[PDB]
Amino acid sequence: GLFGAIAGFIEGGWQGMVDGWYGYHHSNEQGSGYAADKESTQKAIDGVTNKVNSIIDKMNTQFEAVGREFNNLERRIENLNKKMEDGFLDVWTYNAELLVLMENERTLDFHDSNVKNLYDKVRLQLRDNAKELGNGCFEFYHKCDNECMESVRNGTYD
Amino acid sequence: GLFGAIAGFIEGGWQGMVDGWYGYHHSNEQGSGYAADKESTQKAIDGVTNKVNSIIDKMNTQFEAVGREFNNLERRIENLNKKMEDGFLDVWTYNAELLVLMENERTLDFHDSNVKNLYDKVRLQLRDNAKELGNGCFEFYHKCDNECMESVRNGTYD
Amino acid sequence: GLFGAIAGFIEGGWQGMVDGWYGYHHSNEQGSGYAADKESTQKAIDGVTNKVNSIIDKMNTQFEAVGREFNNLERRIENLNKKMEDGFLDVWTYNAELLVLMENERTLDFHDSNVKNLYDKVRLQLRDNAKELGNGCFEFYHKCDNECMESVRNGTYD
Amino acid sequence: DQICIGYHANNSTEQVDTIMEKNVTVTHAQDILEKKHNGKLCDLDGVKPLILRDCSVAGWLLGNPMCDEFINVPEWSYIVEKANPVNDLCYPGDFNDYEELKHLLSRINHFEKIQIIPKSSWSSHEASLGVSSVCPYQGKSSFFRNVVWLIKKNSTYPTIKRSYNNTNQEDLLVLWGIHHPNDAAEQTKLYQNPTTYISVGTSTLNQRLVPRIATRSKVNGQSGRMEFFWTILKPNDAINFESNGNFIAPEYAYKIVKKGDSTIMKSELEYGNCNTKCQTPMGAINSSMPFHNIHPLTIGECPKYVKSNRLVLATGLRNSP
Amino acid sequence: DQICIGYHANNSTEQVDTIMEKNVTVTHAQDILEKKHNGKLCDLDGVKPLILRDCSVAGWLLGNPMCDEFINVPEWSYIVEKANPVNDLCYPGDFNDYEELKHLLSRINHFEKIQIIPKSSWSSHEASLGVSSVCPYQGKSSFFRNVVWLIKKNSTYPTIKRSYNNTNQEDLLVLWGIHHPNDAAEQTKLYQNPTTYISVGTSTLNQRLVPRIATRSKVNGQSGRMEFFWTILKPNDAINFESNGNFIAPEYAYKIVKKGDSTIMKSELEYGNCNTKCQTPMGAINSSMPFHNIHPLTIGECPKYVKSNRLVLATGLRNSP
Amino acid sequence: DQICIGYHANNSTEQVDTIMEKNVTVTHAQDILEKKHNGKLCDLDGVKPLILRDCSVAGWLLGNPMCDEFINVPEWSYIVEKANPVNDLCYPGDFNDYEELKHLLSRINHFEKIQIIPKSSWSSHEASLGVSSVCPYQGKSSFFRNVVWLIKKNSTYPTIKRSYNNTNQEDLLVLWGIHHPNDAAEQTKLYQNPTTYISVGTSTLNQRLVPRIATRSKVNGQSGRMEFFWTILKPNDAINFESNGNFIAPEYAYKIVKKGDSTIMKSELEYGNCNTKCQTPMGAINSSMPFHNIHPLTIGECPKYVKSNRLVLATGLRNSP
Ligand SMILES: *[C@@H]1O[C@H](CO)[C@@H](O)[C@H](O)[C@H]1NC(C)=O
Ligand SMILES: *[C@@H]1O[C@H](CO)[C@@H](O)[C@H](O)[C@H]1NC(C)=O
Ligand SMILES: *[C@@H]1O[C@H](CO)[C@@H](O)[C@H](O)[C@H]1NC(C)=O
Ligand SMILES: *[C@@H]1O[C@H](CO)[C@@H](O)[C@H](O)[C@H]1NC(C)=O
Ligand SMILES: *[C@@H]1O[C@H](CO)[C@@H](O)[C@H](O)[C@H]1NC(C)=O
Ligand SMILES: *[C@@H]1O[C@H](CO)[C@@H](O)[C@H](O)[C@H]1NC(C)=O
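For the protein sequence lines, the chains are F, F', F'', E, E' and E'', in the order given. A prime marks a further copy of an entry chain. Numbered according to the authors' numbering, the first sequence spans residues 1 to 158. Numbered according to the authors' numbering, the second sequence spans residues 1 to 158. Numbered according to the authors' numbering, the third sequence spans residues 1 to 158. Numbered according to the authors' numbering, the fourth sequence spans residues 5 to 325. Numbered according to the authors' numbering, the fifth sequence spans residues 5 to 325. Numbered according to the authors' numbering, the sixth sequence spans residues 5 to 325.
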């Protein structure tokens with residue numbers, strides 16, 4: 001997608017990261033595991049929640065069809081009425097489907113962007129003392145131990 | 001935001017940069033200060049100006065309500081008239097509010113993107129002979145003096 | 001544009017790359033030439049094709065004007081009919097023009113993004129053993145020969 | 005030693021569409037279109053609809069004898085009428101400005117039927133004889149219960165000058181009619197006089213009806229015609245009736261009690277013994293979705309109607325295989 | 005030594021909304037919705053509206069004596085009429101196809117009233133006696149100044165055969181009327197004849213009116229009724245009048261001068277002594293914004309109406325705290 | 005040694021618009037708006053329109069003698085009528101509920117004209133004399149071929165009691181008329197009787213017409229008026245005619261064969277001898293584009309109409325200079 005991380009340079013997602021949308025996988029002498037990045041996950045939750053509520057709200061003033069009847073010699077006005085009611089429904093159907101299509105794309109991209117920014121945040125911290133593998137991972141020049149790993153996640157490294 | 005610079009890896013804006021939207025802060029033995037990047041600021045002005053004019057123009061062919069009157073035994077057509085006029089106004093209200101919402105997001109992101117591209121332009125020039133701090137700043141390996149600083153800003157460095 | 005590659009850090013396109021939208025130019029002792037990157041070009045073709053088909057489909061349920069006639073003392077309803085038919089046509093004209101404007105921007109940006117991701121893919125592979133020139137090009141530390149070049153293009157380098 | 009950045013996958017099978025790509029599998033999604041209903045006609049917020057069954061709005065109001073079920077109806081939430089009700093206008097004819105009356109009715113939740121001119125009046129004219137075999141009740145020739153078909157007494161049809169004052173607070177729906185016999189001989193037989201009229205007046209109404217005699221097709225074995233008129237009598241106003249024959253006269257009229265929110269919905273369904281906050285002609289909706297695709301014509305706290313078959317928003321991200 | 009990339013902040017407090025985020029503070033913004041008006045009715049581009057005040061379009065055109073202010077009106081830009089004008093139709097009745105006339109009027113900026121049938125004519129019939137106490141002027145019984153209520157002379161009402169040719173270039177609005185007395189005795193008293201008619205003909209019109217006698221509620225102490233008709237007489241056409249009673253006859257008619265852009269706006273406001281390029285029923289607008297939210301019904305070079313309370317575009321960037 | 009990433013340029017001159025930028029030159033583009041037509045009226049899918057030429061829908065159906073070309077018309081795809089057809093209603097008058105008939109006609113592809121009352125009938129009344137100089141044929145005084153203007157025989161106009169049964173399967177359009185003479189003397193001369201009527205009845209229709217005598221402008225040298233009525237006679241129904249003068253009587257009526265998809269389009273164009281799948285009042289379209297900007301009113305498999313002058317999508321990328 002637009003930002004190149006999701007199903008791009010990071011080949012696929014993690015079944016094993018269960019507690020968040022984005023996070024870290026670490027691996028060292030003491031072991032290995034997953035940690036959700038809570039701040040970016042929460043930012044994403046708010047954005048997506050607000051988006052859904054914005055979409056619902058903007059669409060709560062759609063056209064409401066009203067029953068209306070006509071006799072045998074009021075055909076022109078009956079037809080006018082019909083084409084008017086259907087006209088609006090077609091406009092609102094289009095509006096709804098398009099907004100969903102377009103915003104679905106914006107949501108996928110937003111996630112992709114959140115992942116790339118999280119990746120850059122770590123790349124900017126690590127700098128020289130790690131090898132950028134090209135697949136989402138950094139391989140440390142120095143031994144890195146759980147508390148070292150923690151400092152990368154919490155943004156206070158080196 | 002999507003591009004990760006504004007209120008991302010660059011933590012906040014500059015009250016002291018008064019003459020442009022994006023620019024540089026330098027700091028060396030001779031002193032320190034701000035310089036707007038005129039080319040990207042001007043590109044942004046055009047884009048935003050064109051956008052506002054595009055938005056206004058697309059909306060200058062909205063529906064115009066027309067006064068129309070009916071007697072006591074023309075209730076059905078009166079109501080038809082009312083629901084038609086209100087129907088359009090609801091469509092145009094929605095169109096206007098949504099376009100503003102969506103384009104407001106595109107404008108914020110565009111600024112963010114302009115900042116990131118300006119940052120990358122300097123990173124690509126500086127290369128090895130400076131340390132990428134992770135916060136928008138580059139710290140020079142060699143002493144850099146006003147004319148050195150100037151060559152970074154004007155794109156002719158090294 | 002948003003992603004900074006097209007007419008950004010890559011100054012202009014290639015008249016000489018005829019067989020694809022994005023690709024590589026190589027230059028070494030044995031010679032020089034262009035190779036389209038088939039995978040990203042094909043991804044782009046699908047996206048753009050789907051987009052055009054999505055746009056056409058969403059717009060195949062527009063309002064259809066219907067001939068309707070009125071006498072000298074049915075002026076109010078005649079006018080109602082006229083403002084209704086024109087109202088819809090104005091809504092659909094707006095919908096069509098805006099969708100084209102907005103999606104045209106998304107298409108330009110998508111191309112820009114495809115180019116940046118292709119560039120990053122190569123940067124991530126090359127790493128240290130090449131000098132990032134700042135203009136789309138990488139200059140090798142080691143001699144690179146056609147089969148070396150091939151391994152960069154096919155993603156299996158080093 | 006190694007640290008990696010990554011994102012969530014799961015076993016989700018949920019799919020969303022985008023402009024450039026259809027059926028993208030995502031980790032999480034929110035469906036926003038209600039597609040289900042219960043197939044029943046229900047009370048709206050505790051309030052039972054008026055279900056006409058086999059009666060038309062005309063048959064009900066005029067008091068077609070086949071519509072006794074609706075002699076006295078409590079407050080309704082909405083009215084349900086079939087597409088083609090059999091019990092309408094038992095004696096053939098027309099109902100003048102019917103659709104404008106239907107429209108008026110859609111903004112009314114309660115009627116209260118009061119007597120305005122008693123049958124046991126009309127000393128001059130015969131009231132108990134205005135009955136037809138096309139309007140039967142219990143095997144006998146009957147007629148619309150709310151209006152009285154007046155016939156001559158002792159071969160006399162003296163000019164009628166009758167009037168009613170609306171003492172009530174509430175607007176009053178008043179219905180009357182005219183009979184169009186099919187030849188000169190029927191005129192004399194029903195009414196002695198050859199050339200007749202019905203004149204109706206209030207503060208706004210200035211009416212004069214004249215029977216149109218002519219030969220026409222037998223409809224349900226009848227060649228005569230009834231034509232019914234109505235007015236809304238404002239409070240403190242009076243209606244003036246004057247006729248020397250063909251007068252189908254008010255016995256009962258309707259007090260307009262409620263002026264509530266309402267519609268006449270067209271449905272073949274019968275009462276479902278349920279409650280709902282949102283009713284359609286095809287069934288009721290119980291949903292918190294913002295959209296539905298059931299039917300355009302609803303009443304209550306309803307989602308917005310669209311013609312889509314599917315509306316699903318991405319919330320999560322692209323689920324990897 | 006160090007160089008940094010950055011972006012502008014300021015003391016701006018301006019806020020914009022996005023899909024994912026409400027109230028984002030931005031460095032610069034452009035508001036595009038006009039929310040203010042001046043609360044007055046003004047001239048449009050130098051041209052004063054016709055403000056009817058307490059008169060209706062009917063009262064004005066027929067020449068209700070209470071509407072003398074509008075005896076001769078100059079070109080208007082638009083017309084203003086109250087929701088419920090007191091001075092309408094001083095003698096009770098109806099104005100036939102009134103709304104289609106109002107509609108026609110909304111595409112007219114200037115009338116020029118000319119005399120077509122003089123009062124000092126009608127040697128056969130009495131013209132100075134057709135006056136009612138319901139239409140007073142200066143304490144005396146008067147009547148609509150543009151039409152003449154003709155009464156019998158010496159107990160005679162000879163058949164009238166009168167006609168007018170439209171010599172003028174301009175289309176002519178012509179108004180006439182019929183009186184509906186409330187009993188047989190009033191008919192003879194006003195008009196000797198018992199059965200009457202008014203016949204009207206032009207090239208397109210084929211009219212025959214007949215008075216409908218009946219008892220009706222006293223409206224402003226009156227039981228009679230007037231019913232007014234109109235036609236647009238094409239240039240070079242002639243209108244033919246024939247009647248033997250109940251004829252309310254043209255004295256004056258209106259030349260259609262202008263055929264300008266216009267509306268009848270409904271407003272309780274009076275003239276404000278101002279000028280504007282954009283007028284609403286609630287006040288005038290002076291703005292360069294593309295939208296406003298004042299009222300749907302405007303005239304002039306106006307912004308587009310939306311129902312929003314707020315429309316603000318970001319121009320600058322996210323202002324940091 | 006060096007490897008570079010890059011993108012395609014070409015000699016393309018194609019331009020697209022975006023929100024922030026107009027006229028961006030792109031490597032590839034797809035135009036989606038059809039702007040061309042062929043300027044002709046064509047067959048739709050092999051099926052020729054009914055081109056009325058100088059006749060109106062009224063002139064055609066009533067059988068104006070100037071409209072002989074349309075005596076017997078085959079199935080059409082759509083109907084074409086000029087804005088102001090000269091050959092309409094040769095003898096002045098009106099066509100009652102004309103627009104509701106036009107509307108009905110727009111959902112009909114084939115008529116089949118059958119005789120319902122023969123001219124060589126009416127032994128009592130003169131049928132061959134109802135002719136006017138305003139409706140000429142070959143220099144002689146003629147009249148609408150589908151209706152018979154009945155006149156007195158031997159100074160006698162006996163009451164007419166005629167009826168027709170619809171034996172056919174198909175709905176039948178039936179047309180009749182009434183003559184409005186311009187004075188008392190014309191009445192007697194055409195019809196002996198002074199006070200006349202035409203009564204029409206079916207199962208739904210309850211009509212009684214009465215001639216309105218009055219002086220009116222000469223239109224094409226004529227002061228009389230014709231007024232034409234119509235009904236749709238359901239199958240197995242019967243229409244009952246009764247009159248003692250002024251009766252313009254059915255000779256022929258129209259069987260409604262097809263009930264196809266159709267419109268009456270207004271165009272000054274004549275037949276173009278071509279075929280198309282999409283027709284507009286200005287010319288035919290042959291396109292695979294989803295939009296066009298030719299005319300709002302089309303028939304066939306058509307693109308969607310927009311008011312744009314230009315709709316061009318980017319497919320390729322920003323073409324470098
Ligand atoms: C998407 O998947 C649905 C399955 O629900 C299928 O019916 C549809 O044809 C698919 N569309 C495309 C274009 O793949
Ligand atoms: C019309 O003619 C048919 C054929 O006999 C008959 O059955 C039908 O009843 C007639 N219409 C009426 C009203 O009788
Ligand atoms: C945004 O700020 C406005 C202040 O004008 C406030 O009224 C509104 O409630 C705020 N909305 C949200 C959701 O924060
Ligand atoms: C109707 O009756 C009331 C009650 O007396 C009376 O005041 C009112 O005037 C009557 N209506 C008319 C038209 O007099
Ligand atoms: C874009 O180019 C067209 C040439 O077809 C020209 O007419 C138009 O004025 C240009 N618009 C702008 C704003 O450059
Ligand atoms: C009306 O008067 C003009 C002026 O003489 C005349 O030419 C015209 O024919 C008249 N109208 C009619 C119907 O004759």
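Note that CB positions come from ideal geometry on N, CA and C, so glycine has one too.
Reduced DSSP category for residue i - H, G, I as helix; E, B as strand; rest coil
{"i": "residue 70 of chain F", "result": "coil"}
{"i": "residue 58 of chain F''", "result": "helix"}
{"i": "residue 261 of chain E''", "result": "coil"}
{"i": "residue 310 of chain E", "result": "coil"}
{"i": "residue 80 of chain F", "result": "helix"}
{"i": "residue 85 of chain F'", "result": "helix"}
{"i": "residue 125 of chain F'", "result": "helix"}
{"i": "residue 16 of chain E", "result": "coil"}
{"i": "residue 134 of chain F'", "result": "coil"}
{"i": "residue 147 of chain F''", "result": "helix"}
Sub-8 Å separation of residue i and residue j beta-carbons
{"i": "residue 243 of chain E'", "j": "residue 167 of chain E'", "result": "yes"}
{"i": "residue 270 of chain E''", "j": "residue 87 of chain E''", "result": "yes"}
{"i": "residue 299 of chain E", "j": "residue 230 of chain E", "result": "no"}
{"i": "residue 53 of chain E'", "j": "residue 83 of chain E'", "result": "yes"}
{"i": "residue 157 of chain F'", "j": "residue 125 of chain F'", "result": "yes"}
{"i": "residue 33 of chain E''", "j": "residue 324 of chain E''", "result": "no"}
Beta-carbon separation (whole angstroms), residue i vs residue j, contact threshold 8 Å
{"i": "residue 38 of chain E'", "j": "residue 293 of chain E'", "result": "4 Å"}
{"i": "residue 146 of chain E'", "j": "residue 140 of chain E'", "result": "6 Å"}
{"i": "residue 178 of chain E''", "j": "residue 126 of chain E''", "result": "Rounded, the Cβ-Cβ distance is 17 Å, inconsistent with contact."}
{"i": "residue 268 of chain E", "j": "residue 280 of chain E", "result": "With a Cβ gap of about 18 Å, residue 268 of chain E and residue 280 of chain E do not count as contacting."}
Notebook entry, point to check: In the stretch 20-58 of chain E, which residue ranges form an unbroken beta strand (DSSP E) of at least 3 residues, counting only runs that do not cross its ends?
Noted result: The stretch 20-58 of chain E contains these whole beta strand (DSSP E) runs: 33-35 and 45-48.
Notebook entry, point to check: In chain order, which beta strand (DSSP E) runs of at least 3 residues are fully inside the stretch 16-50 of chain F'?
Noted result: Restricted to the stretch 16-50 of chain F', the beta strand (DSSP E) segments that are unbroken, complete and at least 3 residues in length are 22-28 and 31-36, listed in chain order.
Notebook entry, point to check: Along the chain, which unbroken stretches of the beta strand (DSSP E) at least 3 residues long are found entirely within the stretch 183-234 of chain E'?
Noted result: Runs of beta strand (DSSP E) with 3 or more residues, each lying fully within the stretch 183-234 of chain E', are found at 202-205 and 210-213, listed in chain order.
Check: Pick out every residue whose C-beta is nearer than 7 Å to a heavy atom of ligand 3: which are they, in chain order?
Finding: My final list is E':19, E':26 and E':27.
Notebook entry, point to check: Hey, which unbroken runs of the beta strand (DSSP E) at 3 residues or more fall wholly within the stretch 76-131 of chain E'?
Noted result: Here the runs fully enclosed are 83-85, 97-99 and 115-119.
Check: Quick one, what's near ligand 4 if you take every residue whose CB is closer than 7 Å to any heavy atom, in chain order?
Finding: Result: E:169, E:170, E:171, E:207, E:240, E:241, E:242, E':221 and E':222.
Notebook entry, point to check: Of all the beta strand (DSSP E) runs that stay within the bounds of the stretch 85-113 of chain F, which reach a length of 3 or more residues?
Noted result: Taking only runs of at least 3 residues, no beta strand (DSSP E) segment lies wholly in the stretch 85-113 of chain F.
Note to self: Runs of 3 residues minimum, wholly inside the stretch 133-186 of chain E'': which ones carry the beta strand (DSSP E) assignment?
What the structure shows: Runs of the beta strand (DSSP E) inside the stretch 133-186 of chain E'': 136-141, 144-146, 151-153, 164-169 and 176-184.
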